[PDB]
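With CSV, C-alpha atoms and all ligand atoms inside, this is model.csv:
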```csv
chain,number,residue,atom,x,y,z
G,1,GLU,CA,45.8,3.0,17.9
G,2,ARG,CA,42.3,4.8,18.0
G,3,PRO,CA,41.2,5.6,14.4
G,4,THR,CA,40.2,9.1,13.2
G,5,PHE,CA,36.4,9.7,13.3
G,6,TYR,CA,34.4,12.1,11.1
G,7,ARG,CA,30.9,13.4,11.5
G,8,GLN,CA,27.9,13.7,9.2
G,9,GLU,CA,24.2,14.3,9.6
G,10,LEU,CA,22.1,11.5,8.0
G,11,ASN,CA,18.3,12.0,8.3
G,12,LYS,CA,18.5,14.3,11.4
G,13,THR,CA,20.9,11.9,13.2
G,14,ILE,CA,24.6,12.8,13.8
G,15,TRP,CA,26.9,9.8,12.7
G,16,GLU,CA,30.5,9.8,14.0
G,17,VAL,CA,32.4,6.8,12.4
G,18,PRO,CA,36.1,5.8,11.7
G,19,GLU,CA,37.4,7.1,8.3
G,20,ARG,CA,37.6,3.6,7.0
G,21,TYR,CA,33.7,3.7,6.5
G,22,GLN,CA,32.8,5.7,3.5
G,23,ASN,CA,29.7,6.5,1.4
G,24,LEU,CA,27.2,6.2,4.2
G,25,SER,CA,23.7,5.9,2.9
G,26,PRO,CA,20.4,5.4,4.9
G,27,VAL,CA,18.7,2.0,4.7
G,28,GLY,CA,16.4,1.8,7.7
G,29,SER,CA,15.2,3.4,10.9
G,30,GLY,CA,13.3,2.5,14.0
G,31,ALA,CA,13.0,2.8,17.8
G,32,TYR,CA,16.1,0.7,18.6
G,33,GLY,CA,18.4,2.2,15.9
G,34,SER,CA,19.2,3.6,12.4
G,35,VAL,CA,21.1,1.6,9.7
G,36,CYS,CA,23.4,2.9,7.0
G,37,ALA,CA,25.0,1.0,4.1
G,38,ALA,CA,28.7,1.8,3.7
G,39,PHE,CA,31.9,0.8,2.1
G,40,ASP,CA,34.7,-0.5,4.5
G,41,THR,CA,37.9,0.7,2.7
G,42,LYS,CA,40.0,-1.4,5.1
G,43,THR,CA,38.3,-4.8,4.2
G,44,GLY,CA,36.9,-3.9,0.8
G,45,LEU,CA,33.4,-5.0,2.0
G,46,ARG,CA,30.0,-3.5,1.6
G,47,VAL,CA,28.7,-3.1,5.2
G,48,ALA,CA,25.7,-2.2,7.3
G,49,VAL,CA,26.4,0.1,10.2
G,50,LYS,CA,23.7,0.2,13.0
G,51,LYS,CA,23.8,3.2,15.3
G,52,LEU,CA,21.8,2.3,18.4
G,53,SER,CA,19.1,4.8,19.4
G,54,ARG,CA,19.7,6.2,23.0
G,55,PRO,CA,21.2,2.8,24.1
G,56,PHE,CA,21.4,3.7,27.9
G,57,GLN,CA,18.2,5.8,28.4
G,58,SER,CA,16.7,3.2,30.9
G,59,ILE,CA,17.8,0.0,32.7
G,60,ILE,CA,15.7,-2.0,30.1
G,61,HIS,CA,17.4,-0.2,27.1
G,62,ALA,CA,20.9,-0.5,28.8
G,63,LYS,CA,20.4,-4.3,29.4
G,64,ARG,CA,19.0,-4.8,25.8
G,65,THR,CA,22.1,-3.0,24.4
G,66,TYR,CA,24.5,-5.2,26.5
G,67,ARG,CA,22.5,-8.3,25.5
G,68,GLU,CA,22.6,-7.6,21.7
G,69,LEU,CA,26.4,-6.9,22.0
G,70,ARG,CA,27.1,-10.1,23.9
G,71,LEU,CA,25.1,-12.1,21.4
G,72,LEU,CA,26.7,-10.6,18.3
G,73,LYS,CA,30.2,-11.0,19.7
G,74,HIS,CA,29.5,-14.8,20.3
G,75,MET,CA,27.9,-15.7,16.9
G,76,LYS,CA,30.6,-17.4,14.8
G,77,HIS,CA,28.9,-19.6,12.2
G,78,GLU,CA,28.5,-19.6,8.4
G,79,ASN,CA,24.6,-19.4,8.7
G,80,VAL,CA,24.3,-16.8,11.4
G,81,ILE,CA,25.0,-13.0,11.2
G,82,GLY,CA,28.5,-12.1,12.4
G,83,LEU,CA,29.8,-8.9,13.9
G,84,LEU,CA,32.5,-7.3,11.6
G,85,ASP,CA,33.0,-4.4,14.1
G,86,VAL,CA,31.8,-2.5,17.1
G,87,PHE,CA,32.9,1.1,17.9
G,88,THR,CA,32.2,4.3,19.8
G,89,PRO,CA,33.6,7.8,19.1
G,90,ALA,CA,34.0,8.0,23.0
G,91,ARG,CA,37.6,8.2,24.3
G,92,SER,CA,36.6,7.1,27.9
G,93,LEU,CA,33.8,5.6,29.9
G,94,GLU,CA,32.8,9.1,31.1
G,95,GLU,CA,32.0,10.3,27.6
G,96,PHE,CA,30.4,7.0,26.5
G,97,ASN,CA,26.9,7.4,25.0
G,98,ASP,CA,26.8,5.9,21.5
G,99,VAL,CA,27.3,2.4,20.1
G,100,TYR,CA,27.7,1.4,16.5
G,101,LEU,CA,27.5,-2.2,15.2
G,102,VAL,CA,28.9,-3.2,11.8
G,103,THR,CA,27.9,-6.4,9.8
G,104,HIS,CA,27.9,-7.5,6.1
G,105,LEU,CA,25.4,-5.6,4.0
G,106,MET,CA,22.6,-8.0,3.1
G,107,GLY,CA,21.2,-8.1,-0.4
G,108,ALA,CA,18.0,-10.1,-0.8
G,109,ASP,CA,16.1,-11.7,2.0
G,110,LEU,CA,14.0,-14.9,1.8
G,111,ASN,CA,10.8,-12.8,1.0
G,112,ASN,CA,12.5,-11.4,-2.2
G,113,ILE,CA,13.4,-14.9,-3.4
G,114,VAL,CA,9.8,-16.4,-2.9
G,115,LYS,CA,8.3,-13.3,-4.5
G,116,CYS,CA,9.0,-13.8,-8.3
G,117,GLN,CA,10.9,-17.2,-8.2
G,118,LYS,CA,8.9,-20.4,-7.6
G,119,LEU,CA,11.3,-22.6,-5.6
G,120,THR,CA,12.2,-26.2,-6.7
G,121,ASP,CA,12.4,-29.0,-4.1
G,122,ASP,CA,16.2,-29.1,-4.3
G,123,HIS,CA,16.4,-25.3,-3.7
G,124,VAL,CA,13.9,-25.7,-0.7
G,125,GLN,CA,16.1,-28.5,0.7
G,126,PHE,CA,19.2,-26.3,0.6
G,127,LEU,CA,17.5,-23.2,2.1
G,128,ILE,CA,15.9,-25.1,5.0
G,129,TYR,CA,19.1,-27.2,5.5
G,130,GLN,CA,21.0,-23.9,6.2
G,131,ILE,CA,18.3,-22.4,8.5
G,132,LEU,CA,18.4,-25.6,10.6
G,133,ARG,CA,22.3,-25.7,10.5
G,134,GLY,CA,22.3,-22.1,11.8
G,135,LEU,CA,19.5,-22.9,14.4
G,136,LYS,CA,21.3,-25.9,15.7
G,137,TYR,CA,24.3,-23.5,16.4
G,138,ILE,CA,22.0,-20.8,18.0
G,139,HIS,CA,20.1,-23.3,20.1
G,140,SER,CA,23.4,-25.1,21.3
G,141,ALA,CA,24.3,-21.7,22.9
G,142,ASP,CA,20.8,-21.8,24.7
G,143,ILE,CA,19.6,-18.8,22.6
G,144,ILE,CA,16.1,-18.6,21.3
G,145,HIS,CA,15.7,-16.5,18.1
G,146,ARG,CA,11.9,-15.8,18.7
G,147,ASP,CA,11.4,-13.9,15.5
G,148,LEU,CA,12.4,-16.2,12.6
G,149,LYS,CA,10.6,-15.1,9.5
G,150,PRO,CA,11.5,-14.7,5.8
G,151,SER,CA,12.6,-11.0,6.3
G,152,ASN,CA,15.2,-12.2,8.9
G,153,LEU,CA,16.9,-14.6,6.5
G,154,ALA,CA,19.4,-13.1,4.1
G,155,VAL,CA,20.1,-15.1,0.9
G,156,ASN,CA,22.9,-14.3,-1.5
G,157,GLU,CA,23.1,-15.0,-5.3
G,158,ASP,CA,24.5,-18.6,-4.6
G,159,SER,CA,21.5,-19.3,-2.3
G,160,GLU,CA,23.8,-19.1,0.8
G,161,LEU,CA,21.7,-18.1,3.8
G,162,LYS,CA,22.3,-16.3,7.1
G,163,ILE,CA,19.9,-16.0,10.1
G,164,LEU,CA,19.7,-12.4,11.3
G,165,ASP,CA,17.5,-10.0,13.3
G,166,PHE,CA,17.0,-6.8,11.2
G,167,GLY,CA,14.2,-5.6,13.4
G,168,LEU,CA,14.6,-2.0,14.5
G,169,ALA,CA,11.4,-1.4,16.5
G,170,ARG,CA,9.7,-2.5,19.8
G,171,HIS,CA,7.8,-5.8,19.4
G,172,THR,CA,4.6,-4.3,20.8
G,173,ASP,CA,0.9,-5.6,20.9
G,174,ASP,CA,0.0,-3.1,18.1
G,175,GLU,CA,2.8,-4.5,15.8
G,176,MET,CA,1.3,-8.0,16.3
G,177,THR,CA,-2.3,-6.9,15.7
G,178,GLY,CA,-4.2,-7.9,12.5
G,179,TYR,CA,-3.2,-9.2,9.1
G,180,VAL,CA,0.6,-8.9,9.8
G,181,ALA,CA,3.6,-11.0,8.8
G,182,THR,CA,5.1,-10.2,12.3
G,183,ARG,CA,2.7,-12.8,13.8
G,184,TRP,CA,2.2,-15.4,10.9
G,185,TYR,CA,5.4,-17.4,11.8
G,186,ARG,CA,4.9,-17.4,15.6
G,187,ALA,CA,4.4,-20.6,17.5
G,188,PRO,CA,0.9,-20.7,19.1
G,189,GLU,CA,2.4,-21.0,22.7
G,190,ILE,CA,4.3,-17.7,22.3
G,191,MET,CA,1.5,-15.9,20.2
G,192,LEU,CA,-1.2,-16.8,22.9
G,193,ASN,CA,1.1,-16.9,26.0
G,194,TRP,CA,0.2,-20.5,26.9
G,195,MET,CA,3.2,-21.4,29.0
G,196,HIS,CA,6.9,-20.8,29.4
G,197,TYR,CA,8.2,-21.5,25.9
G,198,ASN,CA,11.4,-23.2,24.8
G,199,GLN,CA,13.6,-23.0,21.7
G,200,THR,CA,11.2,-25.3,19.6
G,201,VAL,CA,9.2,-22.0,19.1
G,202,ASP,CA,11.9,-21.6,16.3
G,203,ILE,CA,11.1,-24.9,14.8
G,204,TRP,CA,7.5,-23.9,14.4
G,205,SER,CA,8.7,-20.9,12.4
G,206,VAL,CA,11.0,-23.0,10.2
G,207,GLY,CA,7.9,-25.3,9.4
G,208,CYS,CA,5.9,-22.1,8.5
G,209,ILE,CA,8.8,-20.9,6.2
G,210,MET,CA,9.3,-24.3,4.6
G,211,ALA,CA,5.5,-24.6,3.8
G,212,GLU,CA,5.7,-21.1,2.2
G,213,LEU,CA,8.8,-22.0,0.1
G,214,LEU,CA,6.9,-25.1,-1.1
G,215,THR,CA,3.6,-23.4,-2.0
G,216,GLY,CA,4.7,-19.8,-2.5
G,217,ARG,CA,2.0,-18.8,0.0
G,218,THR,CA,1.8,-18.0,3.7
G,219,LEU,CA,0.8,-21.1,5.7
G,220,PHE,CA,-1.2,-19.3,8.5
G,221,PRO,CA,-2.1,-15.7,7.3
G,222,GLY,CA,-4.4,-14.9,10.2
G,223,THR,CA,-6.3,-11.6,10.3
G,224,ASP,CA,-5.9,-11.6,14.1
G,225,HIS,CA,-4.6,-13.8,17.0
G,226,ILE,CA,-7.9,-15.9,17.1
G,227,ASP,CA,-8.4,-16.3,13.3
G,228,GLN,CA,-4.7,-17.4,13.1
G,229,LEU,CA,-5.2,-19.9,16.0
G,230,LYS,CA,-8.3,-21.3,14.1
G,231,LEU,CA,-6.1,-21.6,10.9
G,232,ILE,CA,-3.5,-23.6,12.9
G,233,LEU,CA,-6.0,-25.9,14.7
G,234,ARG,CA,-7.7,-26.7,11.3
G,235,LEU,CA,-4.4,-28.1,10.0
G,236,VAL,CA,-2.8,-29.7,13.1
G,237,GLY,CA,-6.0,-30.6,15.0
G,238,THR,CA,-7.3,-29.3,18.3
G,239,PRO,CA,-5.2,-30.3,21.4
G,240,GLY,CA,-5.6,-33.5,23.5
G,241,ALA,CA,-5.9,-33.7,27.3
G,242,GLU,CA,-2.1,-34.1,27.6
G,243,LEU,CA,-1.5,-30.7,25.9
G,244,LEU,CA,-4.3,-28.8,27.7
G,245,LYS,CA,-2.8,-29.8,31.1
G,246,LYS,CA,0.5,-28.1,29.9
G,247,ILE,CA,-1.3,-24.8,29.2
G,248,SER,CA,-0.5,-22.9,32.5
G,249,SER,CA,-2.9,-20.0,31.7
G,250,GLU,CA,-6.4,-21.2,32.9
G,251,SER,CA,-8.0,-18.5,30.7
G,252,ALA,CA,-6.3,-19.7,27.4
G,253,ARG,CA,-7.0,-23.3,28.4
G,254,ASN,CA,-10.7,-22.5,28.9
G,255,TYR,CA,-10.9,-20.7,25.5
G,256,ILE,CA,-9.3,-23.7,23.6
G,257,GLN,CA,-11.8,-26.2,25.2
G,258,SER,CA,-14.7,-24.1,23.8
G,259,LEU,CA,-13.6,-24.8,20.2
G,260,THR,CA,-15.2,-27.7,18.2
G,261,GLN,CA,-12.7,-30.6,18.2
G,262,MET,CA,-11.0,-31.1,14.8
G,263,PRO,CA,-8.7,-33.9,13.6
G,264,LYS,CA,-5.2,-33.3,12.2
G,265,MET,CA,-5.4,-32.9,8.4
G,266,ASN,CA,-3.7,-35.1,5.8
G,267,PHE,CA,-0.6,-33.0,4.9
G,268,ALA,CA,-0.2,-34.8,1.5
G,269,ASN,CA,-3.7,-33.4,0.7
G,270,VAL,CA,-2.6,-29.9,1.8
G,271,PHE,CA,0.9,-29.8,0.1
G,272,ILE,CA,-0.1,-31.3,-3.2
G,273,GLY,CA,2.8,-32.7,-5.2
G,274,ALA,CA,5.4,-31.9,-2.5
G,275,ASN,CA,8.2,-34.4,-1.9
G,276,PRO,CA,6.7,-37.0,0.6
G,277,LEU,CA,10.0,-36.5,2.7
G,278,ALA,CA,9.2,-32.8,2.9
G,279,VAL,CA,5.6,-33.6,3.9
G,280,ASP,CA,7.0,-36.0,6.6
G,281,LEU,CA,9.4,-33.3,8.0
G,282,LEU,CA,6.6,-30.7,8.0
G,283,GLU,CA,4.4,-33.0,10.1
G,284,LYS,CA,7.3,-33.3,12.7
G,285,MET,CA,7.9,-29.5,12.9
G,286,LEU,CA,4.2,-28.4,12.9
G,287,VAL,CA,3.3,-30.2,16.2
G,288,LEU,CA,1.2,-28.2,18.7
G,289,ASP,CA,2.9,-29.8,21.7
G,290,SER,CA,6.3,-28.0,21.8
G,291,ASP,CA,7.8,-31.0,23.8
G,292,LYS,CA,7.1,-33.4,20.9
G,293,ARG,CA,8.4,-31.1,18.1
G,294,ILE,CA,11.6,-32.2,16.2
G,295,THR,CA,14.7,-30.2,17.2
G,296,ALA,CA,17.2,-28.6,14.8
G,297,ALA,CA,19.8,-31.4,15.4
G,298,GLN,CA,17.2,-34.1,14.9
G,299,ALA,CA,15.9,-32.3,11.7
G,300,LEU,CA,19.4,-32.1,10.0
G,301,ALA,CA,19.5,-36.0,10.3
G,302,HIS,CA,16.0,-36.3,8.6
G,303,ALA,CA,16.1,-38.1,5.1
G,304,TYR,CA,14.8,-34.9,3.4
G,305,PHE,CA,18.4,-33.5,3.8
G,306,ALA,CA,20.4,-36.6,2.7
G,307,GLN,CA,22.1,-34.6,-0.2
G,308,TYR,CA,23.5,-31.9,2.2
G,309,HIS,CA,23.7,-33.5,5.7
G,310,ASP,CA,27.3,-33.8,7.0
G,311,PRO,CA,27.4,-34.5,10.8
G,312,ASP,CA,31.1,-33.5,10.7
G,313,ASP,CA,30.2,-30.1,9.3
G,314,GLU,CA,27.2,-28.9,11.5
G,315,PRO,CA,29.0,-27.2,14.4
G,316,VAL,CA,27.7,-26.2,17.9
G,317,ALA,CA,28.5,-22.9,19.7
G,318,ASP,CA,31.2,-22.3,22.3
G,319,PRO,CA,29.7,-22.1,25.9
G,320,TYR,CA,27.7,-18.9,26.2
G,321,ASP,CA,27.5,-17.4,29.7
G,322,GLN,CA,24.2,-15.6,30.1
G,323,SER,CA,24.2,-15.4,33.9
G,324,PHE,CA,23.7,-11.6,33.3
G,325,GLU,CA,20.1,-12.1,32.3
G,326,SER,CA,19.1,-12.6,36.0
G,327,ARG,CA,21.3,-9.7,37.3
G,328,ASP,CA,19.8,-6.5,38.7
G,329,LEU,CA,22.0,-3.6,37.8
G,330,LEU,CA,21.9,0.2,37.5
G,331,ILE,CA,22.2,1.9,34.0
G,332,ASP,CA,25.8,3.0,34.7
G,333,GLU,CA,26.7,-0.7,35.5
G,334,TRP,CA,25.1,-2.0,32.4
G,335,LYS,CA,26.9,0.8,30.5
G,336,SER,CA,30.3,0.0,32.0
G,337,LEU,CA,29.8,-3.7,31.0
G,338,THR,CA,28.8,-2.6,27.5
G,339,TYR,CA,31.9,-0.4,27.3
G,340,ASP,CA,34.3,-3.2,28.3
G,341,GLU,CA,32.7,-5.4,25.6
G,342,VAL,CA,33.2,-2.6,22.9
G,343,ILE,CA,36.9,-2.1,23.8
G,344,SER,CA,37.7,-5.8,24.1
G,345,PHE,CA,36.2,-6.6,20.6
G,346,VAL,CA,38.6,-8.6,18.3
G,347,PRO,CA,37.6,-8.4,14.6
G,348,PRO,CA,37.2,-11.7,12.6
G,349,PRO,CA,40.0,-12.7,10.1
G,350,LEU,CA,39.7,-12.1,6.3
G,401,LIG,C1,20.1,-3.8,2.9
G,401,LIG,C2,20.6,-4.2,4.3
G,401,LIG,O1,21.6,-4.9,4.4
G,401,LIG,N1,19.9,-3.8,5.3
G,401,LIG,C3,20.1,-4.1,6.6
G,401,LIG,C4,21.2,-4.6,7.3
G,401,LIG,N2,20.9,-4.6,8.5
G,401,LIG,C5,21.7,-5.0,9.5
G,401,LIG,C6,21.3,-4.8,10.8
G,401,LIG,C7,22.1,-5.2,12.0
G,401,LIG,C8,21.6,-6.1,12.9
G,401,LIG,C9,22.2,-6.5,14.0
G,401,LIG,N3,21.7,-7.5,14.9
G,401,LIG,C10,21.2,-8.7,14.5
G,401,LIG,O2,21.3,-9.1,13.3
G,401,LIG,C11,20.8,-9.7,15.5
G,401,LIG,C12,20.4,-9.3,16.8
G,401,LIG,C13,20.0,-10.2,17.8
G,401,LIG,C14,20.0,-11.6,17.5
G,401,LIG,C15,20.5,-12.0,16.2
G,401,LIG,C16,20.5,-13.5,15.9
G,401,LIG,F1,21.8,-14.0,15.8
G,401,LIG,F2,19.9,-14.3,16.8
G,401,LIG,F3,19.9,-13.7,14.6
G,401,LIG,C17,20.8,-11.1,15.3
G,401,LIG,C18,23.5,-6.0,14.3
G,401,LIG,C19,24.1,-5.0,13.4
G,401,LIG,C20,23.4,-4.6,12.2
G,401,LIG,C21,24.1,-3.6,11.3
G,401,LIG,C22,19.9,-4.3,11.1
G,401,LIG,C23,19.1,-3.9,10.1
G,401,LIG,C24,19.7,-4.1,8.7
G,401,LIG,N4,19.2,-3.7,7.7
```
Can I see the file as structure tokens?
Ligand SMILES: CC(=O)Nc1cn2cc(-c3cc(NC(=O)c4cccc(C(F)(F)F)c4)ccc3C)ccc2n1
Amino acid sequence: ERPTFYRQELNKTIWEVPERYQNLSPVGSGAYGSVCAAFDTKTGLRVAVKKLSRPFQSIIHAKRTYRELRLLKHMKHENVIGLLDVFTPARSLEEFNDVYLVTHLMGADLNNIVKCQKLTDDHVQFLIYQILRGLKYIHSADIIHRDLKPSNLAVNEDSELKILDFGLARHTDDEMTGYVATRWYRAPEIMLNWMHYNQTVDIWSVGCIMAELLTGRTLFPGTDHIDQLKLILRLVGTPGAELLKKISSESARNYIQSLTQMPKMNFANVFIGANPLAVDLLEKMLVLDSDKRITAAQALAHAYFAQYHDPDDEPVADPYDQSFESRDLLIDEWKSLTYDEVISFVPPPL
């Protein structure tokens, strides 16, 4: 039942894919992989095919490959990216070297929407509602996104949203340096390595995205890590004794204590004309102490989403076994586990 594969060179990369995928066209490249737009003749869908770059070159790369495949195979929610297909041209484990992942082709992202269109409060309500509905699902599987930003949120013509991770490069220090969107939505505990972070790092990002949908502007466009921290503390206030004790890094803790103390600002005076319910929700998401930050499940029940909230239609994920994360294996073992996952893949129904 193995399909027939055909080969083509696209931007000095050899692509070998089943015949069902036609009109391959390059849409992106990076350290982790290359992405092509294509037409799936079997389903009639416009798809995105990601060919992973050297997926088993090191233990780190082999584990990352296995990790992404496990995660994609698990995600089954209206607001989260789904795996349409996974394939390899390899006929056996011995010849296994390449992995291709297929998802829906995404049109616009949230950055394209905020660009020329000024969003109304009802539009903001619907977009944030869906992010939180998708996050509640991601978090219920004990998965932390870590990189929620407008470019990782796909929004169709009907304002239907999906959470994705379209990143193709290594999230290095250099990539996070300066006046960069890669760091503007990051929680201060992850950006400054304050302590062992939890999934509320993602709620900080939603708060940053919501503020930007409401004003059309970046909430914390820092020119560097320290300038961004100062922009944060000006709005939310400098931390109290309770939070400083939770900063496990003595160096980071010592730096914060050197700053002049500042009170939390009045958010109604920052977000002029915004719905007072939006302002209230923003104050619950943009909390410096991650332990006190509203969760996705708590946020869906907030009065700001009264028009969309349906507790009978906000599902949680099936149990997700990620015991593999603390497993020490050789490249060939991570490869064989990846291979079993490719061959056991069951496509979703129409
Ligand atoms: C115009 C256009 O459509 N361009 C486009 C489409 N693209 C699609 C992909 C793409 C991305 C993944 N991986 C993830 O999304 C991912 C990984 C980990 C966690 C999560 C989360 F679930 F936590 F979000 C999601 C798998 C397969 C493909 C094909 C990459 C770049 C891209 N560019």
- Once you count all atoms listed in the file, which residues end up within 7 Å of ligand LIG 401 (chain G), and could you hand them over as an NGL selection string? :G and (27-28 or 35 or 37 or 48-50 or 68 or 71-72 or 75 or 80-81 or 83 or 101-103 or 105-107 or 138 or 145 or 163-168)
- Note on the structure: Judged by all atoms listed in the file, the minimum distance to residue G:307 among G:56, G:66, G:220, G:126 is found for G:126
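In this comparison, which uses all atoms listed in the file, the residue of G:54, G:272, G:47, G:191 approaching residue G:176 most closely is G:191.
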- Task: Using only C-alpha atoms, find all polymer residues with an atom at most 9 Å away from the point (14.0, -10.0, 6.8); report them as a PyMOL selection string.
- Result: chain G and resi 108-111+148-154+164-167
Same residues, C-alpha atoms, output as an mmCIF file, keeping the file's coordinate frame:
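File written: out24.cif
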```cif
data_model
loop_
_atom_site.group_PDB
_atom_site.id
_atom_site.type_symbol
_atom_site.label_atom_id
_atom_site.label_comp_id
_atom_site.auth_asym_id
_atom_site.auth_seq_id
_atom_site.Cartn_x
_atom_site.Cartn_y
_atom_site.Cartn_z
ATOM 1 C CA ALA G 108 18.000 -10.100 -0.800
ATOM 2 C CA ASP G 109 16.100 -11.700 2.000
ATOM 3 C CA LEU G 110 14.000 -14.900 1.800
ATOM 4 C CA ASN G 111 10.800 -12.800 1.000
ATOM 5 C CA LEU G 148 12.400 -16.200 12.600
ATOM 6 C CA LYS G 149 10.600 -15.100 9.500
ATOM 7 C CA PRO G 150 11.500 -14.700 5.800
ATOM 8 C CA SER G 151 12.600 -11.000 6.300
ATOM 9 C CA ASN G 152 15.200 -12.200 8.900
ATOM 10 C CA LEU G 153 16.900 -14.600 6.500
ATOM 11 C CA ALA G 154 19.400 -13.100 4.100
ATOM 12 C CA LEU G 164 19.700 -12.400 11.300
ATOM 13 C CA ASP G 165 17.500 -10.000 13.300
ATOM 14 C CA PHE G 166 17.000 -6.800 11.200
ATOM 15 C CA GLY G 167 14.200 -5.600 13.400
#
```
Hey, which bits of stretch 130-186 of chain G sit within 9 Å of stretch 223-247 of chain G, and for each residue what's the closest pair of atoms and how far apart in Å (one decimal), counting only C-alpha atoms, rows by chain and increasing number, as a tab-separated table?
```
residue	atom	partner	partner_atom	distance
G:176	CA	G:225	CA	8.3
G:177	CA	G:224	CA	6.1
G:178	CA	G:224	CA	4.4
G:179	CA	G:223	CA	4.1
G:180	CA	G:223	CA	7.4
G:183	CA	G:225	CA	8.0
G:184	CA	G:228	CA	7.5
```
- Any idea what the distance is between atom CA of residue G:124 and atom CA of residue G:217? 13.8 Å
- Identify which of the residues G:347, G:134, G:222, G:18 lies closest to residue G:78, counting all atoms listed in the file when measuring atom-to-atom distances.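 Checking each of G:347, G:134, G:222, G:18 against residue G:78, counting all atoms listed in the file, the winner is G:134.
For the choices G:91, G:211, G:219, G:112, the atom-to-atom distance to residue G:1 is smallest for G:91 when using only C-alpha atoms.
The space separating atom CA of residue G:250 from atom CA of residue G:195 comes to 10.4 Å.
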- For each of G:42, G:192, G:204, G:89, take the minimum atom-to-atom distance to residue G:6, counting only C-alpha atoms, then give the residue where this is smallest.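 The answer is G:89, which sits nearest to residue G:6.
Nearest residue to residue G:302, choosing from G:280, G:288, G:214, G:193 and counting all atoms listed in the file: G:280.
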- Any idea what's packed within 10 Å of residue G:135, counting only C-alpha atoms, ignoring anything in its chain fewer than 2 positions away? Could you give it as a VMD selection string? chain G and resid 79 to 80 129 to 133 137 to 141 143 to 145 148 163 199 202 to 203 206 295 to 297 316
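In this structure, atom CA of residue G:69 sits 21.9 Å away from atom CA of residue G:26.
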- Just give me the residues with any atom within 9 Å of (37.0, -10.3, 13.0), file coordinates, counting all atoms listed in the file, written as a list in words.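 Residues close enough to count: residues 82, 83, 84, 85, 345, 346, 347, 348, 349 and 350 of chain G.
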Report as an mmCIF file with C-alpha atoms, in the coordinates of the input all protein, DNA and RNA residues lying within 8 Å of residue G:125, evaluated on all atoms listed in the file, omitting residues in the same chain fewer than 4 positions from it.
```
data_model
loop_
_atom_site.group_PDB
_atom_site.id
_atom_site.type_symbol
_atom_site.label_atom_id
_atom_site.label_comp_id
_atom_site.auth_asym_id
_atom_site.auth_seq_id
_atom_site.Cartn_x
_atom_site.Cartn_y
_atom_site.Cartn_z
ATOM 1 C CA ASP G 121 12.400 -29.000 -4.100
ATOM 2 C CA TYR G 129 19.100 -27.200 5.500
ATOM 3 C CA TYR G 304 14.800 -34.900 3.400
ATOM 4 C CA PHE G 305 18.400 -33.500 3.800
#
```
Dump of stretch 241-260 of chain G from preceding block, C-alpha atoms, as a short mmCIF file (atom, residue, chain, number, x, y, z; two decimals), in the first residue's frame:
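Saved file selection-v6.cif follows:
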```cif
data_model
loop_
_atom_site.label_atom_id
_atom_site.label_comp_id
_atom_site.auth_asym_id
_atom_site.auth_seq_id
_atom_site.Cartn_x
_atom_site.Cartn_y
_atom_site.Cartn_z
CA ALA G 241 9.60 40.67 48.57
CA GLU G 242 7.40 37.63 47.85
CA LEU G 243 8.41 37.58 44.16
CA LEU G 244 12.11 38.36 44.74
CA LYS G 245 12.39 35.24 47.00
CA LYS G 246 11.06 33.13 44.06
CA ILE G 247 13.87 34.34 41.74
CA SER G 248 16.30 31.38 42.15
CA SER G 249 19.12 33.19 40.25
CA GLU G 250 20.94 35.37 42.89
CA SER G 251 22.46 37.52 40.08
CA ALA G 252 19.06 38.39 38.44
CA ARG G 253 17.56 39.01 41.94
CA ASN G 254 20.43 41.36 42.81
CA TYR G 255 19.96 43.28 39.52
CA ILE G 256 16.14 43.81 40.07
CA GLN G 257 16.72 45.12 43.63
CA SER G 258 19.03 47.82 42.11
CA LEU G 259 16.09 49.38 40.18
CA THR G 260 14.09 52.32 41.56
#
```
